[PDB]
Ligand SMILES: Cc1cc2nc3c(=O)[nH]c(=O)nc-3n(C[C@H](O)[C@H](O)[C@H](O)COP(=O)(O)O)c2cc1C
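Shown below, as structure tokens, is a lone chain in the form deposited without the named molecule; questions about how it binds or moves come after it.
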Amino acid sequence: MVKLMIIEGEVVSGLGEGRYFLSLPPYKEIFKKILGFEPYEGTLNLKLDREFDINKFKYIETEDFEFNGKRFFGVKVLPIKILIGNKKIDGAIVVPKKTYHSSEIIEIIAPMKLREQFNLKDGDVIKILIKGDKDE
């Protein structure tokens, strides 16, 4: 048996608050290992009406690593399925390994920029599907 959950999120603007590089090699390598593909250089930021914590579902964690003599911090990643209109595309949610409290904001990565492919504007609503399991 498997436990499934569905949550709704609205398109919100957010990019300057997050500061990292995707074009460099090591980011594409670690993403393709966890997801099996290299995500595009961008994010989809959704605001939810409910708090979210990746430690309530089964995610994959990656340890602290170094590249070109610089230290980068470990991160947690969990696959998702993104439903917009009548189409479903594979995506994933990304959050740093270090977390203090829980929030209602999640950032997603995808194979391509969803905002262009679906002509989506800020305020529009899309549905996210999360897979999980219960020991019972």
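Quick note: we count residues from 1 along the sequence shown, nothing fancier.
What comes next is about the form deposited with the named molecule bound, which does not appear here.
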Open vs blocked, site of the named molecule as found in the bound PDB entry, superimposed, 2.4 Å to backbone or C-beta: blocked
4.5 Å heavy atom contact, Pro96 to the named molecule in the bound PDB entry: yes
4.5 angstroms heavy atom contact with the named molecule in the bound PDB entry for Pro25: no
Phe72: touches the named molecule in the bound PDB entry, heavy atom cutoff 4.5 angstroms: yes
Touches the named molecule in the bound PDB entry: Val125 (any heavy atom, 4.5 Å): no
Residues in 34-57 with any heavy atom within 4.5 Å of the named molecule in the bound PDB entry: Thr43, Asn45
